[PDB]
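Enquirer: Handing over input16.txt, compact mmCIF, C-alpha atoms and all ligand atoms.
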```txt
# COMPACT_ATOMS: atom_id res chain seq x y z
CA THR A 17 11.30 165.70 -84.99
CA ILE A 18 14.76 166.43 -86.42
CA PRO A 19 17.49 163.84 -85.73
CA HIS A 20 20.73 165.05 -84.20
CA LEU A 21 23.95 163.55 -85.53
CA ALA A 22 27.53 163.60 -84.25
CA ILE A 23 29.07 163.18 -87.72
CA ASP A 24 31.71 165.83 -88.36
CA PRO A 25 31.53 166.49 -92.15
CA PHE A 26 34.81 168.42 -91.90
CA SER A 27 36.83 165.65 -90.19
CA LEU A 28 39.81 164.05 -91.90
CA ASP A 29 38.13 160.70 -91.21
CA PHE A 30 35.12 161.98 -93.18
CA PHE A 31 37.18 163.31 -96.10
CA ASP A 32 38.93 159.93 -96.41
CA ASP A 33 35.65 158.25 -97.38
CA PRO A 34 32.48 160.39 -97.18
CA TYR A 35 30.06 158.07 -98.95
CA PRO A 36 28.89 155.84 -96.05
CA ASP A 37 28.40 158.85 -93.77
CA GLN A 38 26.52 160.64 -96.57
CA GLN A 39 24.00 157.80 -96.83
CA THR A 40 23.62 158.08 -93.05
CA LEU A 41 22.88 161.80 -93.42
CA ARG A 42 20.48 161.14 -96.30
CA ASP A 43 18.58 158.31 -94.61
CA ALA A 44 18.34 159.89 -91.15
CA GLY A 45 15.80 162.33 -92.59
CA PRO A 46 15.37 165.23 -95.02
CA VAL A 47 16.73 167.67 -92.40
CA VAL A 48 19.36 166.82 -89.78
CA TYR A 49 21.00 168.80 -86.99
CA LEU A 50 24.78 168.46 -86.68
CA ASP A 51 25.64 168.82 -82.99
CA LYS A 52 29.38 169.20 -83.61
CA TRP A 53 28.92 172.59 -85.30
CA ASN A 54 25.33 173.64 -84.40
CA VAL A 55 24.02 173.77 -87.97
CA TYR A 56 21.22 172.19 -89.92
CA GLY A 57 22.13 169.75 -92.66
CA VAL A 58 20.40 168.70 -95.86
CA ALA A 59 21.93 165.81 -97.81
CA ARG A 60 19.14 164.64 -100.14
CA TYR A 61 18.89 166.02 -103.67
CA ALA A 62 15.40 167.45 -103.22
CA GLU A 63 16.18 169.58 -100.15
CA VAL A 64 19.59 170.74 -101.44
CA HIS A 65 17.85 171.87 -104.64
CA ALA A 66 15.07 173.61 -102.69
CA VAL A 67 17.55 175.57 -100.55
CA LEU A 68 19.67 176.61 -103.53
CA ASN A 69 16.59 177.89 -105.36
CA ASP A 70 15.18 180.04 -102.53
CA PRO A 71 17.86 182.72 -102.07
CA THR A 72 15.43 185.00 -100.24
CA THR A 73 14.98 182.55 -97.36
CA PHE A 74 18.42 180.90 -97.53
CA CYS A 75 20.63 183.93 -98.11
CA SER A 76 24.31 184.13 -98.99
CA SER A 77 24.98 187.66 -97.68
CA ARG A 78 25.64 186.32 -94.16
CA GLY A 79 28.41 184.06 -95.54
CA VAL A 80 28.44 180.72 -97.35
CA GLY A 81 30.88 179.23 -94.86
CA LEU A 82 30.17 178.20 -91.29
CA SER A 83 30.82 181.73 -90.04
CA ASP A 84 27.82 184.06 -89.82
CA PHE A 85 28.82 187.55 -90.97
CA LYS A 86 26.14 189.01 -88.70
CA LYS A 87 28.17 187.57 -85.77
CA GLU A 88 31.85 187.46 -86.86
CA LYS A 89 34.11 189.46 -89.13
CA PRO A 90 34.75 187.73 -92.47
CA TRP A 91 38.36 186.63 -92.88
CA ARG A 92 38.52 188.85 -95.99
CA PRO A 93 36.22 191.53 -97.45
CA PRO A 94 33.06 189.84 -98.74
CA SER A 95 32.85 188.71 -102.34
CA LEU A 96 30.68 191.06 -104.37
CA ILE A 97 28.98 188.05 -105.97
CA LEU A 98 29.35 184.84 -103.94
CA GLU A 99 28.58 186.51 -100.61
CA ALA A 100 25.86 188.86 -101.89
CA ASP A 101 22.11 188.50 -102.30
CA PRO A 102 19.81 189.98 -104.95
CA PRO A 103 19.58 192.80 -105.74
CA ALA A 104 23.19 193.69 -104.80
CA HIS A 105 24.25 190.37 -106.38
CA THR A 106 22.59 191.06 -109.71
CA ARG A 107 24.85 193.54 -111.52
CA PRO A 108 28.24 192.01 -110.57
CA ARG A 109 26.76 188.66 -111.61
CA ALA A 110 25.75 190.13 -114.98
CA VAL A 111 29.28 191.50 -115.50
CA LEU A 112 30.98 188.17 -114.83
CA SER A 113 28.34 186.46 -117.01
CA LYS A 114 29.43 188.68 -119.91
CA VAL A 115 33.15 188.34 -119.13
CA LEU A 116 32.84 184.53 -119.21
CA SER A 117 30.15 184.52 -121.89
CA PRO A 118 29.22 181.95 -124.56
CA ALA A 119 30.83 184.28 -127.11
CA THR A 120 33.98 184.71 -125.00
CA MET A 121 34.55 180.95 -125.10
CA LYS A 122 35.05 181.22 -128.87
CA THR A 123 38.02 183.56 -128.33
CA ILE A 124 39.84 181.11 -126.06
CA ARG A 125 38.82 177.62 -127.25
CA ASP A 126 41.52 177.09 -129.89
CA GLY A 127 44.36 178.01 -127.54
CA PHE A 128 42.87 175.97 -124.69
CA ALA A 129 42.55 172.89 -126.91
CA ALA A 130 46.07 173.33 -128.31
CA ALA A 131 47.51 173.48 -124.79
CA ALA A 132 45.59 170.34 -123.80
CA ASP A 133 46.82 168.38 -126.84
CA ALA A 134 50.36 169.62 -126.18
CA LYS A 135 50.20 168.52 -122.53
CA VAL A 136 48.96 165.05 -123.47
CA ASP A 137 51.72 164.70 -126.09
CA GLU A 138 54.27 165.76 -123.45
CA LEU A 139 53.00 163.25 -120.89
CA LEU A 140 53.00 160.39 -123.41
CA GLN A 141 56.72 161.08 -123.85
CA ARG A 142 57.21 160.38 -120.13
CA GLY A 143 54.81 157.44 -119.83
CA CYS A 144 54.36 157.16 -116.06
CA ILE A 145 53.28 160.54 -114.67
CA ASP A 146 51.36 162.03 -111.76
CA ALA A 147 47.92 162.81 -113.17
CA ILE A 148 47.50 165.52 -110.51
CA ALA A 149 50.70 167.61 -110.51
CA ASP A 150 51.58 166.77 -114.12
CA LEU A 151 48.10 167.05 -115.66
CA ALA A 152 45.14 168.15 -113.53
CA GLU A 153 47.24 170.96 -112.04
CA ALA A 154 49.65 171.60 -114.91
CA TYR A 155 46.98 172.11 -117.57
CA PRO A 156 44.78 174.78 -115.90
CA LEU A 157 47.92 176.59 -114.74
CA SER A 158 49.04 176.65 -118.38
CA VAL A 159 45.86 178.36 -119.69
CA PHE A 160 43.87 180.19 -117.02
CA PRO A 161 46.44 182.67 -115.58
CA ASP A 162 47.26 183.70 -119.15
CA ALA A 163 43.55 184.01 -119.99
CA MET A 164 43.19 186.15 -116.85
CA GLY A 165 46.03 188.33 -118.10
CA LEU A 166 48.27 187.75 -115.09
CA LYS A 167 51.98 188.47 -115.21
CA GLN A 168 54.24 185.43 -114.95
CA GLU A 169 55.91 186.46 -111.69
CA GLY A 170 54.11 185.35 -108.53
CA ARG A 171 51.89 182.63 -110.04
CA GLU A 172 53.10 180.22 -107.35
CA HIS A 173 50.63 182.11 -105.11
CA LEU A 174 47.47 181.17 -107.03
CA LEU A 175 47.02 177.58 -105.89
CA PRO A 176 47.78 178.32 -102.21
CA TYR A 177 45.32 181.23 -102.29
CA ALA A 178 42.57 179.05 -103.79
CA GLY A 179 43.08 176.29 -101.22
CA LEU A 180 42.94 178.93 -98.49
CA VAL A 181 39.63 180.34 -99.75
CA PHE A 182 37.95 176.94 -99.71
CA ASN A 183 39.45 176.00 -96.33
CA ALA A 184 38.10 179.30 -94.96
CA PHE A 185 34.52 178.24 -95.77
CA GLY A 186 34.92 175.49 -93.17
CA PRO A 187 34.54 175.54 -89.41
CA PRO A 188 37.37 176.93 -87.27
CA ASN A 189 39.26 173.64 -87.26
CA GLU A 190 43.01 173.22 -87.69
CA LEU A 191 42.74 173.03 -91.49
CA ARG A 192 41.12 176.48 -91.58
CA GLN A 193 43.25 178.12 -88.89
CA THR A 194 46.50 176.82 -90.37
CA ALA A 195 45.36 178.18 -93.75
CA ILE A 196 44.61 181.68 -92.48
CA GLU A 197 47.88 181.56 -90.50
CA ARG A 198 49.91 181.25 -93.72
CA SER A 199 47.70 183.53 -95.83
CA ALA A 200 49.30 186.99 -95.70
CA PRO A 201 51.69 186.69 -98.71
CA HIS A 202 49.09 185.03 -100.96
CA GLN A 203 46.50 187.64 -99.98
CA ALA A 204 49.03 190.40 -100.74
CA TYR A 205 49.78 189.00 -104.20
CA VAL A 206 46.14 188.49 -105.25
CA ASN A 207 44.88 191.90 -104.16
CA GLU A 208 47.74 193.55 -106.05
CA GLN A 209 47.03 191.63 -109.27
CA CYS A 210 43.41 192.87 -109.08
CA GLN A 211 44.40 196.44 -109.98
CA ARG A 212 43.75 197.43 -113.59
CA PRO A 213 47.40 198.19 -114.61
CA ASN A 214 48.50 194.66 -113.63
CA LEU A 215 46.00 192.90 -115.94
CA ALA A 216 47.08 192.34 -119.54
CA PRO A 217 44.84 193.68 -122.34
CA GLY A 218 42.17 191.35 -123.68
CA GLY A 219 42.18 189.13 -120.59
CA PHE A 220 39.36 188.40 -118.17
CA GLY A 221 40.70 190.91 -115.65
CA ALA A 222 41.00 193.76 -118.14
CA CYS A 223 37.53 192.93 -119.43
CA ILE A 224 36.01 193.24 -115.94
CA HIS A 225 37.67 196.64 -115.54
CA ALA A 226 36.30 197.69 -118.94
CA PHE A 227 32.74 197.18 -117.66
CA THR A 228 33.17 200.03 -115.17
CA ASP A 229 32.13 202.25 -118.12
CA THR A 230 28.60 200.92 -118.44
CA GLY A 231 27.02 201.70 -115.08
CA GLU A 232 26.95 198.01 -114.12
CA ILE A 233 29.92 198.27 -111.71
CA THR A 234 31.91 201.25 -110.46
CA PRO A 235 35.70 201.50 -110.85
CA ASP A 236 36.16 200.72 -107.15
CA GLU A 237 34.15 197.48 -107.53
CA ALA A 238 36.33 196.03 -110.29
CA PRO A 239 39.28 194.84 -108.11
CA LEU A 240 36.99 192.79 -105.84
CA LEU A 241 35.29 191.24 -108.88
CA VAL A 242 38.69 190.31 -110.33
CA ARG A 243 39.42 188.78 -106.92
CA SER A 244 36.50 186.41 -107.51
CA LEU A 245 38.22 184.92 -110.58
CA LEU A 246 41.47 184.48 -108.62
CA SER A 247 39.57 182.71 -105.81
CA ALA A 248 37.19 180.42 -107.72
CA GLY A 249 38.03 178.43 -110.81
CA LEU A 250 41.46 176.88 -110.33
CA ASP A 251 41.14 174.30 -107.56
CA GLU A 252 37.67 173.07 -108.55
CA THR A 253 38.69 172.67 -112.19
CA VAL A 254 41.93 170.95 -111.15
CA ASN A 255 39.98 168.60 -108.88
CA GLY A 256 37.38 168.08 -111.61
CA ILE A 257 39.98 167.11 -114.21
CA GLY A 258 41.82 164.91 -111.72
CA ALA A 259 38.48 163.29 -110.91
CA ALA A 260 37.85 162.60 -114.61
CA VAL A 261 41.24 160.90 -115.05
CA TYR A 262 40.65 158.96 -111.82
CA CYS A 263 37.30 157.66 -113.12
CA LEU A 264 38.71 156.82 -116.54
CA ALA A 265 41.52 154.95 -114.77
CA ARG A 266 39.17 153.00 -112.50
CA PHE A 267 36.42 152.37 -115.10
CA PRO A 268 38.27 151.34 -118.28
CA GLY A 269 35.03 150.46 -120.06
CA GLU A 270 34.13 154.15 -119.94
CA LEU A 271 37.54 155.11 -121.37
CA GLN A 272 36.96 152.68 -124.23
CA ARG A 273 33.54 154.22 -124.90
CA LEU A 274 35.01 157.72 -124.81
CA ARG A 275 37.77 156.64 -127.20
CA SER A 276 35.17 155.22 -129.60
CA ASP A 277 33.24 158.53 -129.51
CA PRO A 278 35.38 161.51 -128.46
CA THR A 279 32.32 163.77 -128.79
CA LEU A 280 31.36 162.34 -125.37
CA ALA A 281 34.23 164.36 -123.84
CA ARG A 282 32.04 167.20 -122.59
CA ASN A 283 29.50 164.95 -120.87
CA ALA A 284 32.24 162.68 -119.52
CA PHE A 285 33.65 165.72 -117.72
CA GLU A 286 30.17 166.71 -116.53
CA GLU A 287 29.62 163.21 -115.17
CA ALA A 288 32.97 163.50 -113.36
CA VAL A 289 31.72 166.72 -111.74
CA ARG A 290 28.58 164.94 -110.52
CA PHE A 291 30.50 161.79 -109.53
CA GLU A 292 33.21 163.45 -107.42
CA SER A 293 31.69 166.94 -106.88
CA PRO A 294 34.87 169.00 -106.38
CA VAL A 295 32.76 171.48 -104.38
CA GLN A 296 31.42 169.21 -101.66
CA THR A 297 29.49 171.62 -99.43
CA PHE A 298 28.17 175.16 -99.07
CA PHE A 299 26.24 176.99 -96.35
CA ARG A 300 23.22 179.29 -96.42
CA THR A 301 21.66 181.32 -93.59
CA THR A 302 17.93 181.47 -92.82
CA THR A 303 16.49 184.99 -93.03
CA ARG A 304 13.25 183.85 -91.35
CA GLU A 305 11.58 180.87 -89.76
CA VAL A 306 11.07 178.32 -92.53
CA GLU A 307 9.50 174.91 -93.03
CA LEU A 308 12.00 172.73 -94.92
CA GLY A 309 10.96 169.14 -95.59
CA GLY A 310 8.57 168.80 -92.66
CA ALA A 311 11.13 170.45 -90.35
CA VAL A 312 11.00 173.93 -88.80
CA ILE A 313 14.20 176.01 -88.87
CA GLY A 314 14.37 179.34 -87.07
CA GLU A 315 15.77 182.61 -88.35
CA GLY A 316 19.51 183.17 -88.48
CA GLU A 317 20.40 179.46 -88.61
CA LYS A 318 23.21 178.04 -90.74
CA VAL A 319 22.15 175.36 -93.23
CA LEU A 320 24.81 173.05 -94.69
CA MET A 321 24.04 171.68 -98.15
CA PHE A 322 25.85 168.45 -99.12
CA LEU A 323 26.30 168.99 -102.85
CA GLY A 324 28.22 165.76 -103.43
CA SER A 325 25.69 163.71 -101.46
CA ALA A 326 22.84 165.29 -103.42
CA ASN A 327 24.67 164.15 -106.57
CA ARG A 328 24.67 160.54 -105.30
CA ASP A 329 21.13 160.45 -103.86
CA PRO A 330 19.40 157.28 -105.17
CA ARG A 331 16.07 159.12 -104.78
CA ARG A 332 17.18 161.15 -107.82
CA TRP A 333 19.83 159.14 -109.69
CA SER A 334 19.84 155.69 -111.24
CA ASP A 335 22.97 153.83 -110.10
CA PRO A 336 24.37 157.01 -108.52
CA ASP A 337 27.75 155.52 -107.60
CA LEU A 338 28.58 154.42 -111.15
CA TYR A 339 30.54 156.57 -113.59
CA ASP A 340 28.48 156.67 -116.81
CA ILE A 341 29.70 159.12 -119.46
CA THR A 342 26.34 158.90 -121.26
CA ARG A 343 24.28 159.69 -118.15
CA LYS A 344 21.63 162.38 -118.37
CA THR A 345 23.55 164.66 -115.99
CA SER A 346 21.35 167.76 -116.40
CA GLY A 347 20.19 168.81 -112.94
CA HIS A 348 23.23 167.80 -110.90
CA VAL A 349 24.28 170.41 -108.34
CA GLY A 350 28.06 170.17 -108.70
CA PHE A 351 27.94 173.74 -110.04
CA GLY A 352 25.11 174.74 -107.73
CA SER A 353 21.68 175.77 -108.95
CA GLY A 354 19.73 179.00 -109.27
CA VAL A 355 20.94 182.59 -109.15
CA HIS A 356 24.44 181.67 -107.90
CA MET A 357 25.03 178.70 -110.22
CA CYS A 358 28.71 178.74 -111.22
CA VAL A 359 29.21 181.77 -113.44
CA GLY A 360 32.48 180.24 -114.65
CA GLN A 361 30.91 176.91 -115.63
CA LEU A 362 31.58 177.50 -119.34
CA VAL A 363 35.30 177.97 -118.64
CA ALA A 364 35.38 174.83 -116.50
CA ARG A 365 33.51 172.70 -119.04
CA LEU A 366 35.82 174.00 -121.78
CA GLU A 367 39.03 173.13 -119.92
CA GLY A 368 37.58 169.75 -118.97
CA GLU A 369 36.24 168.98 -122.45
CA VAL A 370 39.44 169.71 -124.37
CA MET A 371 41.55 167.71 -121.91
CA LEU A 372 39.27 164.66 -122.09
CA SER A 373 39.16 165.10 -125.87
CA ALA A 374 42.96 165.01 -126.06
CA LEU A 375 43.01 161.88 -123.90
CA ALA A 376 40.22 160.30 -125.97
CA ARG A 377 42.19 160.80 -129.20
CA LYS A 378 45.74 160.14 -127.96
CA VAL A 379 45.66 157.58 -125.11
CA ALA A 380 44.78 153.89 -125.30
CA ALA A 381 45.01 153.01 -121.60
CA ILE A 382 45.36 154.78 -118.24
CA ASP A 383 46.54 152.47 -115.46
CA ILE A 384 47.15 153.43 -111.84
CA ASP A 385 50.71 152.34 -111.04
CA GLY A 386 51.31 153.87 -107.63
CA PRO A 387 49.78 154.78 -104.28
CA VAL A 388 46.82 157.14 -104.64
CA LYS A 389 46.85 159.97 -102.09
CA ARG A 390 43.94 162.22 -101.16
CA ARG A 391 44.07 166.00 -100.72
CA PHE A 392 42.20 167.34 -97.68
CA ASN A 393 40.25 170.59 -97.72
CA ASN A 394 37.26 171.83 -95.74
CA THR A 395 35.22 172.36 -98.94
CA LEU A 396 37.09 170.68 -101.83
CA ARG A 397 37.28 166.99 -102.67
CA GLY A 398 40.22 166.00 -104.82
CA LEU A 399 43.40 163.98 -105.03
CA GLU A 400 46.91 164.84 -103.89
CA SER A 401 48.68 162.40 -106.23
CA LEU A 402 47.49 159.99 -108.93
CA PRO A 403 50.37 157.99 -110.44
CA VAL A 404 49.27 156.60 -113.80
CA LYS A 405 50.87 154.97 -116.81
CA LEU A 406 49.59 156.37 -120.10
CA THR A 407 49.70 154.03 -123.10
CA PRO A 408 49.78 155.78 -126.50
CA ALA A 409 46.99 155.10 -128.97
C1 LIG B 501 34.75 171.95 -112.06
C2 LIG B 501 34.80 173.27 -111.91
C3 LIG B 501 33.90 174.11 -110.96
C4 LIG B 501 33.03 173.73 -110.01
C5 LIG B 501 32.69 172.29 -109.57
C6 LIG B 501 32.45 174.93 -109.43
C7 LIG B 501 31.51 175.00 -108.42
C8 LIG B 501 30.76 176.11 -108.07
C9 LIG B 501 29.58 176.11 -107.22
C10 LIG B 501 28.95 174.87 -106.55
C11 LIG B 501 29.13 177.36 -107.11
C12 LIG B 501 27.88 177.74 -106.29
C13 LIG B 501 28.14 178.75 -105.18
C14 LIG B 501 26.88 178.89 -104.35
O1 LIG B 501 25.83 178.30 -104.73
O2 LIG B 501 26.93 179.61 -103.32
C15 LIG B 501 30.01 178.22 -107.89
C16 LIG B 501 29.92 179.59 -108.06
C17 LIG B 501 30.88 180.38 -108.67
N1 LIG B 501 31.92 179.94 -109.46
FE1 LIG B 501 32.38 178.01 -109.90
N2 LIG B 501 32.99 176.03 -110.07
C18 LIG B 501 33.89 175.56 -111.01
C19 LIG B 501 34.63 176.34 -111.86
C20 LIG B 501 34.67 177.71 -111.87
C21 LIG B 501 35.43 178.52 -112.78
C22 LIG B 501 36.34 177.91 -113.88
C23 LIG B 501 35.22 179.81 -112.46
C24 LIG B 501 35.79 181.09 -113.13
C25 LIG B 501 36.39 181.10 -114.33
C26 LIG B 501 34.28 179.85 -111.35
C27 LIG B 501 33.78 180.97 -110.71
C28 LIG B 501 32.66 181.02 -109.89
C29 LIG B 501 32.05 182.21 -109.32
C30 LIG B 501 32.53 183.66 -109.52
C31 LIG B 501 30.99 181.83 -108.60
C32 LIG B 501 30.03 182.74 -107.82
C33 LIG B 501 28.80 182.92 -108.71
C34 LIG B 501 27.65 183.58 -107.99
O3 LIG B 501 27.69 183.71 -106.73
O4 LIG B 501 26.69 183.99 -108.69
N3 LIG B 501 33.97 178.54 -111.02
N4 LIG B 501 30.99 177.42 -108.46
CL CL B 502 42.04 187.87 -99.69
```
Go ahead and express the file in the form of structure tokens.
Ligand code: HEM
Ligand SMILES: [Cl-]
Expert:
Amino acid sequence: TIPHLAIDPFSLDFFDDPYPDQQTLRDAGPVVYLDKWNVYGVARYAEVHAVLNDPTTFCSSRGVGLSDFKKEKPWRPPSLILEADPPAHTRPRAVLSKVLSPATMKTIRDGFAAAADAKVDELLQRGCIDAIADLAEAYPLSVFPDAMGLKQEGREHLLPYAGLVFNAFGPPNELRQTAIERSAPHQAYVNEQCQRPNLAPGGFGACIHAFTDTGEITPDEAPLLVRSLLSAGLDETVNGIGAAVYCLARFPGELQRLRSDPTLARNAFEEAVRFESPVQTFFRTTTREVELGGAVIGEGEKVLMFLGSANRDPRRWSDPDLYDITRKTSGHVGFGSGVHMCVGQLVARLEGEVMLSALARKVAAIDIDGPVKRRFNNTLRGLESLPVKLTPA
């Protein structure tokens, strides 16, 4: 009933161009079995959405990577929020919801937008830049560690730690094992920055620790919750911004539209998240036998959701492979869906919006003028290097 496929969704060959293989996964059926890793796969929008919105049946507490925590030790203590199910999930989720709240965005927006405008001004002075290192990476590094309240020393550890976390979701291939091999110093830095004295007042980290007063989290829970914001947030936002620039470079008509109406900045970033889906994949584990799209999956089985494929499923999207900054993007799963939907999505959309706004107001053209190079990660899709020439407006 269920087709078996030999496609390795974590192969370098696959990362180089996933889109043909994703149609193959979508069209083979609503539920596939991937023989290479012994997991079920769902690549159509409808089934991905169904799995995300039934956390009771498709739990996260047994891990959202390939590894099943009922069978193997996690490579690090479990996240109190990503790797938890309701009800244990609920109060740490509420805390991070308040730490990264609609009202909190007001406190940071002016400084985030000023840093984005200043970065664009700086890059226009240079002309030909690397839109990854010099923009997609430089800008979040210039705002988020400060907004966290991190000290300056040691920040070189943040990007290697983030890439490790997302490689560790993958299967035990060389990408993952090389990442854990090099992990000890980055792990040591992050855990130490999670302690309350090392987090500057008014920042996200201090604010998490302040919630230990309310009964929502205990003092001994705060460091692990801070860890969440030093694990998630950087690489996806970097890849999202780099994806936006990439699209604006390859689809100049959309840059011209954005220039003519800079208020499209926020949706242009959201369309970039759907179009490239920085978070490509996530696992769930069945807590029972379940019927999913005509297929029967037993208990304790790993289910791989293809988020990026779901975002390009023609059964849901008109012209899915076109970048359209006026698309009705509501309902894409680039941030997930349901109880675990990205709690930091307001931070990400804010960083993305103000950067695209600065480009929309300050740049006339963005032209690729060098070899484009892809960055390989078990879970993240993004670019290594994007040489562009910026033309001032
Ligand atoms: C373009 C940027 C981003 C993308 C594409 C993205 C993607 C995602 C996705 C797909 C999930 C779902 C996890 C699941 O369903 O198991 C998630 C959850 C999460 N994200 Fe984001 N994220 C982004 C930015 C951020 C930022 C900026 C932060 C923090 C400031 C953050 C923190 C978190 C946390 C803590 C969770 C776990 C939430 C929970 O389990 O309830 N993310 N993210
Ligand atoms: Cl760790």
Enquirer: Give the answer as one residue: which of A:369, A:292, A:208, A:29 has the shortest atom-to-atom distance to residue 337 in chain A, using only C-alpha atoms?
Expert: A:292
Enquirer: Identify which of the residues A:364, A:215, A:121, A:28 lies closest to ligand LIG 501 (chain B), counting all atoms listed in the file when measuring atom-to-atom distances.
Expert: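 Answer, going by the shortest atom-to-atom distance: A:364.
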Enquirer: I'd like the neighbourhood of residue 401 in chain A as a PyMOL selection string, where a residue qualifies if any of its atoms comes within 6 Å (using all atoms listed in the file), though same-chain residues fewer than 3 positions away should be ignored.
Expert: chain A and resi 148+388-389
Enquirer: Residues at most 8 Å from range 357-363 of chain A, counting all atoms listed in the file, excluding those fewer than 2 positions away in the same chain, as number ranges by chain?
Expert: A: 109, 112-113, 116-118, 121, 249, 351-355, 365-367
Enquirer: Draw an axis-aligned box over all listed atoms of range 363-371 of chain A, pad each side with 4 Å, and write its centre and edge lengths in Å, one decimal, as JSON.
Expert:
```
{"center_x": 37.5, "center_y": 172.8, "center_z": -120.4, "size_x": 16.0, "size_y": 18.3, "size_z": 15.9}
```
Enquirer: List the neighbours of residue 387 in chain A out to 12 Å using all atoms listed in the file; skip same-chain residues closer than 3 positions along the sequence, and give me the result as a ChimeraX atom specification.
Expert: /A:146,383-384,390,399-404
Enquirer: Taking only C-alpha atoms and all ligand atoms into account, produce a table as a tab-separated table in which each residue of chain A with an atom at most 12 Å from an atom of ligand CL 502 (chain B) appears once, together with its shortest atom pair and the distance in Å to one decimal, ordered by chain and rising number.
Expert:
```
residue	atom	partner	partner_atom	distance
A:90	CA	B:CL502	CL	10.3
A:91	CA	B:CL502	CL	7.8
A:92	CA	B:CL502	CL	5.2
A:93	CA	B:CL502	CL	7.2
A:94	CA	B:CL502	CL	9.2
A:95	CA	B:CL502	CL	9.6
A:173	CA	B:CL502	CL	11.7
A:174	CA	B:CL502	CL	11.3
A:176	CA	B:CL502	CL	11.4
A:177	CA	B:CL502	CL	7.8
A:178	CA	B:CL502	CL	9.7
A:179	CA	B:CL502	CL	11.7
A:180	CA	B:CL502	CL	9.1
A:181	CA	B:CL502	CL	7.9
A:182	CA	B:CL502	CL	11.7
A:184	CA	B:CL502	CL	10.6
A:195	CA	B:CL502	CL	11.8
A:196	CA	B:CL502	CL	9.8
A:198	CA	B:CL502	CL	11.9
A:199	CA	B:CL502	CL	8.1
A:200	CA	B:CL502	CL	8.3
A:201	CA	B:CL502	CL	9.8
A:202	CA	B:CL502	CL	7.7
A:203	CA	B:CL502	CL	4.5
A:204	CA	B:CL502	CL	7.5
A:205	CA	B:CL502	CL	9.0
A:206	CA	B:CL502	CL	6.9
A:207	CA	B:CL502	CL	6.7
A:208	CA	B:CL502	CL	10.3
A:209	CA	B:CL502	CL	11.4
A:210	CA	B:CL502	CL	10.7
A:239	CA	B:CL502	CL	11.3
A:240	CA	B:CL502	CL	9.4
A:241	CA	B:CL502	CL	11.9
A:242	CA	B:CL502	CL	11.4
A:243	CA	B:CL502	CL	7.7
A:244	CA	B:CL502	CL	9.7
A:245	CA	B:CL502	CL	11.9
A:246	CA	B:CL502	CL	9.6
A:247	CA	B:CL502	CL	8.4
A:248	CA	B:CL502	CL	12.0
```
Enquirer: One decimal, Å: what's the distance from CA of residue 82 in chain A over to CA of residue 330 in chain A, could you say?
Expert: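 Between CA of residue 82 in chain A and CA of residue 330 in chain A the gap is 27.3 Å.
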Enquirer: Using Å and a single decimal, report how far CA of residue 43 in chain A sits from atom FE1 of ligand LIG 501 (chain B).
Expert: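 Here the two named atoms are 28.5 Å from each other.
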Enquirer: So how many Å separate CA of residue 67 in chain A and CA of residue 302 in chain A, to one decimal?
Expert: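 Interatomic distance here is 9.7 Å.
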Enquirer: Excluding same-chain residues fewer than 4 positions from residue 301 in chain A, what lies within 12 Å of it counting all atoms listed in the file, as a PyMOL selection string?
Expert: chain A and resi 55-57+67-68+70-87+99-101+305-306+313-321
Enquirer: Looking at only C-alpha atoms, which of A:298, A:223, A:311, A:341 is the one that sits closest to residue 267 in chain A?
Expert: A:341
